[PDB]
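Residue numbers (UniProt numbering), protein chains in the order written: chain A, 4 to 118, 127 to 133, 141 to 210, 216 to 235, 242 to 254, 262 to 269, 287 to 411; chain B, 4 to 116, 127 to 133, 141 to 255, 264 to 271, 288 to 411. Think of the CB as a built atom: it goes at the ideal place given N, C-alpha and C, for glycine as much as any other residue. These notes are about the structure you will find just below.
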Amino acid sequence: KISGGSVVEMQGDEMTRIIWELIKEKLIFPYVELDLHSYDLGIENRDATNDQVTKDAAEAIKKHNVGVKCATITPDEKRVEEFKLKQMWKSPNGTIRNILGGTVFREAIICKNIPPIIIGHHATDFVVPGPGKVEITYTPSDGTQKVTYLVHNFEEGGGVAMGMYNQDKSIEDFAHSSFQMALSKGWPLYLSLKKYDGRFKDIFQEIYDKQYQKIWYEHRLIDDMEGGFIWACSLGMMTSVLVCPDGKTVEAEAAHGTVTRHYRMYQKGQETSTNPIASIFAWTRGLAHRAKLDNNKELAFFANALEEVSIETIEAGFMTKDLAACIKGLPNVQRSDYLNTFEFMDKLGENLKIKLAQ
Amino acid sequence: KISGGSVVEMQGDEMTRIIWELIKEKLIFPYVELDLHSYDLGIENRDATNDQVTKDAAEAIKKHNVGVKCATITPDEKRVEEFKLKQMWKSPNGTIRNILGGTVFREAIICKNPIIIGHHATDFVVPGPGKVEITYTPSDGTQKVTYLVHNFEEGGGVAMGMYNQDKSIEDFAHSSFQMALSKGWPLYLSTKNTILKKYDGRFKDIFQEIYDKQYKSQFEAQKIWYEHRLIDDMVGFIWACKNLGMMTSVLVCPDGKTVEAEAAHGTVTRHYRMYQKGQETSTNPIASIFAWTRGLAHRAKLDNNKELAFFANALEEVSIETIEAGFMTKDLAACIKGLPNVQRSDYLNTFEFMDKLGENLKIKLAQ
Ligand SMILES: NC(=O)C1=CN([C@@H]2O[C@H](COP(=O)(O)OP(=O)(O)OC[C@H]3O[C@@H](n4cnc5c(N)ncnc54)[C@H](OP(=O)(O)O)[C@@H]3O)[C@@H](O)[C@H]2O)C=CC1
Ligand SMILES: NC(=O)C1=CN([C@@H]2O[C@H](COP(=O)(O)OP(=O)(O)OC[C@H]3O[C@@H](n4cnc5c(N)ncnc54)[C@H](OP(=O)(O)O)[C@@H]3O)[C@@H](O)[C@H]2O)C=CC1
Ligand SMILES: Cc1cc(Cc2ccc(O)cc2)n(O)c(=O)c1
Numbered sequence: 004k005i006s007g008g009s010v011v012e013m014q015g016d017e018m019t020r021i022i023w024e025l026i027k028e029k030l031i032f033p034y035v036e037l038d039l040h041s042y043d044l045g046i047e048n049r050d051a052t053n054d055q056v057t058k059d060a061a062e063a064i065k066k067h068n069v070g071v072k073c074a075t076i077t078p079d080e081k082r083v084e085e086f087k088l089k090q091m092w093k094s095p096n097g098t099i100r101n102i103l104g105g106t107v108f109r110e111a112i113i114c115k116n117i118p127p128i129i130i131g132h133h141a142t143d144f145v146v147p148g149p150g151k152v153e154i155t156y157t158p159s160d161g162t163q164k165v166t167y168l169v170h171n172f173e174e175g176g177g178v179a180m181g182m183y184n185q186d187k188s189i190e191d192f193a194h195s196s197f198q199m200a201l202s203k204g205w206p207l208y209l210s216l217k218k219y220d221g222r223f224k225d226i227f228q229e230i231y232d233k234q235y242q243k244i245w246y247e248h249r250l251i252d253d254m262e263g264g265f266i267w268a269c287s288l289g290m291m292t293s294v295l296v297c298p299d300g301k302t303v304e305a306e307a308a309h310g311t312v313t314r315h316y317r318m319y320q321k322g323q324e325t326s327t328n329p330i331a332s333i334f335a336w337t338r339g340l341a342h343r344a345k346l347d348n349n350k351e352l353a354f355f356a357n358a359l360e361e362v363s364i365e366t367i368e369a370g371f372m373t374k375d376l377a378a379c380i381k382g383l384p385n386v387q388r389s390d391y392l393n394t395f396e397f398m399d400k401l402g403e404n405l406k407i408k409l410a411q
Numbered sequence: 004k005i006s007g008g009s010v011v012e013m014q015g016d017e018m019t020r021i022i023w024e025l026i027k028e029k030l031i032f033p034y035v036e037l038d039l040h041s042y043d044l045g046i047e048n049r050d051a052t053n054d055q056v057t058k059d060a061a062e063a064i065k066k067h068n069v070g071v072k073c074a075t076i077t078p079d080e081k082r083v084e085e086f087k088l089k090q091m092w093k094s095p096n097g098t099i100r101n102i103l104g105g106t107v108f109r110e111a112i113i114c115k116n127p128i129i130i131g132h133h141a142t143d144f145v146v147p148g149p150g151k152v153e154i155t156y157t158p159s160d161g162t163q164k165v166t167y168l169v170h171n172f173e174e175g176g177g178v179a180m181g182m183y184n185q186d187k188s189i190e191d192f193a194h195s196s197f198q199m200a201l202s203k204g205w206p207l208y209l210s211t212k213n214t215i216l217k218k219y220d221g222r223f224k225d226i227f228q229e230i231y232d233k234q235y236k237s238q239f240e241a242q243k244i245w246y247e248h249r250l251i252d253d254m255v264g265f266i267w268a269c270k271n288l289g290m291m292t293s294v295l296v297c298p299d300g301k302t303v304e305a306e307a308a309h310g311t312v313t314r315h316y317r318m319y320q321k322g323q324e325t326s327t328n329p330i331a332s333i334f335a336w337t338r339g340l341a342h343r344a345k346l347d348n349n350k351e352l353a354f355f356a357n358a359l360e361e362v363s364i365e366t367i368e369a370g371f372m373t374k375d376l377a378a379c380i381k382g383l384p385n386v387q388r389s390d391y392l393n394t395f396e397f398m399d400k401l402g403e404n405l406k407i408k409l410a411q
């Protein structure tokens, strides 16, 4: 068995929780040993501990550099009645992301028989009661000049206004994180309010020509945008990853939520078909990054090999129902076209046993 | 021939000009008489009269309530070279949309082989450390209220200001409420007023205030409604959002009376450079067509014109069923079979397809 190493892991809620534990038992644990830092971010325990588990996991990823997350219920009032929650806890994803910072990257996992691009996305509001000038001024620390611009002269009635700012560090971190991400994937990077979006274009060209393999970098405009490049700005085949600026810290996760409807059938006793692929690839991306930080040739191999098996299994006709309805059309799907949740996991395990045996 | 009424019409540029005249000669004029208020918004005539023609149309739509516009070249430096323009004239749409006001509505046209969305700046660069503030100074010399946008203490960056008046927000409501009632469709407003508690909050409220004071009645009167949402949770309805040869843009004035319609695609220059060269083209008229039927059907409503209203409805159907039965342009055939696999016997060119819509409009109307 591979010594993978130190990996933070957060468990979730409902249907993705069922799949999380399956992934560990049929795909991960049987081939890899981890010095595992589990945190139980299920809604019940988050409530029980006063969203404390959530803070504890986040600091761990800050400490051990690698996190993989199971999808988690975010509370609104309907949930608060359901779990009798003592408060309406903020999303753990929000909680975690502030503590760690960085930029998210959503990659669709591409299968060859279904209908890659990595997109990475990146204030003072008030009420103007009645008429009057609303201006925005800038006064440098060395008291040399006062530059004041007029946002609008309210002559009509009143209304609403707002202010928005931005420091260089934040944009430099968009750049670093985006250029670094381009080399890890070996893909070209593209970057898509005359003077606002302009300041973005520059710091990119400046970090590019200062630190940053048969690769390059370019700029564009929204509407101007074969497939296989990094772009800076079924669901169960989406994989978002939060990349911290330093380049060391990484958190991986499914891009879908907890699939409650499938879980409600699971409870009722009915047969389901939840796509594990998103949650799966959350693990392999985190494991492969662990491998990078540790120069772990054995592990790195395993990570890629499991990403392989997953794609080859669907490419071979064995798949779940969300994928079978994407190929054939929902109303035209027969039961012998897809596998259920527990059978598709069996096939991957069987193909992972064989693929890894050779 | 049906008595249509008072309708402003503006001719456009390049390929949309070719298709436009095909629409009038082969689909509209042969069945409908209009008191026609043509204005020629071609880049030349706009140049020649000093974009005057453009202003004349706006006040014309402002007067007669119903307008249909053909896609029109917007000048950039390159265009000024081609035509030797005397100036780089503002978009005709920019001009016209200022004079009339209202809210644009883009509706995607569904072929079986719909959502109506209607959407709603001062930026500068912060060189080095220092405070950027945004202030409010009332007209009645009362206190001046100062908010701090941010104190940059390390280095620089960027900042910006953004506004919105109530008149602006109140006109968003109506234009969105009118369009929902015209369509017998439910209305949803997607704000982001969790983050922006005081900004979009003003949006969310002014919407719930208009709903009651005037529109809760008539909404139940068509078993329809209105609700508010937040962007990601919103993920046959009218969608208001605080922010291709089958796309149809329509400007709804708040009053409910004035309406200007047009295809959402541009002048299709590439196909036109082929047209000039003498080569065979294949451009989609449905959008340009549907502009007419939205403006004609709006005309019919204001005037109790069952004859016109049917005809409008009848033509829109002809367009959709003509494609739903397999006769289409190349952009649509490339949607079905994939771009690299498109054979010529899959699609019709511009002049064969207009023929087919015309033929089908003869038989349909015969019934
Ligand atoms: N912490 C996190 O990472 C996130 C958490 N959430 C949470 O999800 C909870 C409710 O789930 P909800 O947002 O409504 O539903 P989902 O976000 O999980 O996805 C909605 C629909 O997409 C389909 N879907 C998504 N993933 C899969 C999959 N692996 N296999 C098959 N189908 C899939 C299902 O379609 P179908 O109808 O066919 O069954 C599902 O009903 C919320 O309480 C919210 O807090 C939301 C977003 C991310
Ligand atoms: N005043 C107005 O109403 C508007 C004016 N414009 C002006 O149009 C001019 C040029 O527009 P441009 O952006 O280049 O072209 P378009 O915006 O119209 O679209 C360009 C391409 O999109 C495809 N396309 C769009 N509509 C159709 C259609 N009906 N049938 C088939 N294909 C279509 C074509 O691709 P393909 O080549 O592969 O076939 C076409 O070459 C500009 O100067 C611009 O200012 C732009 C928007 C509205
Ligand atoms: C100049 C201009 C153009 C459009 C339409 C448009 C279409 C395609 C495109 O790529 C960009 C603009 N409108 O609506 C305006 O008010 C003003």
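| Item | Value |
| --- | --- |
| Min CB distance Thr-157 of chain A to chain B below 8 Å | yes |
| heavy atom of ligand 3 below 7 Å from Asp-54 of chain B C-beta | no |
| Partners in chain B for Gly-177 of chain A, counting only beta-carbon separations shorter than 9 Å | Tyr-183, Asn-184, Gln-185, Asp-186, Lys-187, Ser-188, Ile-189 and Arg-222 |
| Length-filtered (4 minimum) alpha helix (DSSP H) runs lying within the region 321-394 of chain A | 330-347, 350-367 and 374-381 |
| Whole-number beta carbon distance between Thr-157 of chain B and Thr-155 of chain A, since they are thought to touch under 8 Å | Rounded, the Cβ-Cβ distance is 11 Å, inconsistent with contact. |
| Closer than 8 Å to chain A by CB, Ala-141 of chain B | yes |
| Stretch-stretch touch, CB-based, cutoff 8 Å, three pairs: the region 98-112 of chain B with the region 193-202 of chain B | yes |
| Beta-carbon gap between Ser-195 of chain A and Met-254 of chain A smaller than 8 Å | no |
| Minimum Cβ-Cβ distance from residue 282 of chain B to chain A less than 8 Å | Along chain B, the last residue before the gap is 271 and the first after it is 288, so residue 282 of chain B carries no coordinates. |
| Proximal chain A residues relative to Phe-172 of chain B, where beta-carbon distance stays under 8 Å | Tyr-183 and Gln-185 |
| Closer than 7 Å: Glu-306 of chain B CB and nearest ligand 2 heavy atom | yes |
| Whole beta strand (DSSP E) elements within the region 27-91 of chain B, 3-residue minimum | 35-43 and 69-72 |
| One or two residues paired with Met-291 of chain B in a DSSP bridge | B:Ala-111 |
| Assumed close pair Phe-355 of chain A, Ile-5 of chain A - CB separation to whole angstroms, cut-off 8 Å | 6 Å |
| For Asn-171 of chain A, three-class secondary structure by DSSP | strand |
| CB contact check: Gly-148 of chain B to chain A, cutoff 8 Å | yes |
| C-beta neighbour in chain B for residue 273 of chain A, strict 8 Å | Inspection of chain A shows residue 269 followed directly by residue 287; residue 273 of chain A is thus not represented. |
| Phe-334 of chain B classed as buried or exposed, judged by whether at least 16 other C-beta atoms fall within 10 angstroms | buried |
| Exercise answer, beta-carbon shell around ligand 2 heavy atoms below 5 Å | B:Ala-74, B:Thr-75, B:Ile-76, B:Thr-77, B:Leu-288, B:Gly-289, B:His-309, B:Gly-310, B:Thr-311, B:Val-312, B:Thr-313, B:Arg-314, B:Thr-327, B:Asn-328 and B:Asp-375 |
| Contact set for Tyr-167 of chain A: own chain, Cβ-Cβ below 7 Å, skip 5 residues either direction | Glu-153 and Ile-154 |
| Paired residues, beta bridge with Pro-158 of chain B - DSSP | A:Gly-150 |
| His-248 of chain B, DSSP secondary structure in three states | strand |
| Minimum Cβ-Cβ distance from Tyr-208 of chain B to chain A less than 8 Å | no |
| Which of helix, strand or coil DSSP assigns to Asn-101 of chain A | helix |
| As assigned by DSSP and simplified to three states, the class of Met-254 of chain A | coil |
| C-alpha distance - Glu-110 of chain A paired with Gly-176 of chain A, whole-angstrom precision | 45 Å |
| Cross-chain neighbours of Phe-395 of chain B in chain A, by beta carbon under 7 Å | Chain A residues near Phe-395 of chain B: none, gap ~30 Å exceeds 7 Å. |
| When B:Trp-336, B:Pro-149, B:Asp-252 and B:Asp-143 are compared against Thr-214 of chain B, the one with the closest alpha-carbon | B:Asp-252 |
| Cβ contact check for the region 235-242 of chain B and the region 305-317 of chain B: 3 or more pairs under 8 Å | no |
| Residues from the region 71-91 of chain A in contact with chain B, defined by Cβ distance under 8 Å | none |
| CB contact flag (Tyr-391 of chain B, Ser-293 of chain B, <8 Å) | no |
| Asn-96 of chain B beta carbon near ligand 3 (any heavy atom closer than 7 Å) | yes |
| Selection of the region 234-255 of chain B by Cβ proximity to chain A, strictly under 8 Å | none |
| Inter-stretch contact at 8 Å, needing at least 3 Cβ pairs: the region 317-325 of chain B / the region 288-303 of chain B | no |
| Neighbour flag for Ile-230 of chain A against chain B, beta carbons, 8 Å | no |
| CA-to-CA distance, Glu-174 of chain A to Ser-188 of chain B, given in whole angstroms | 10 Å |
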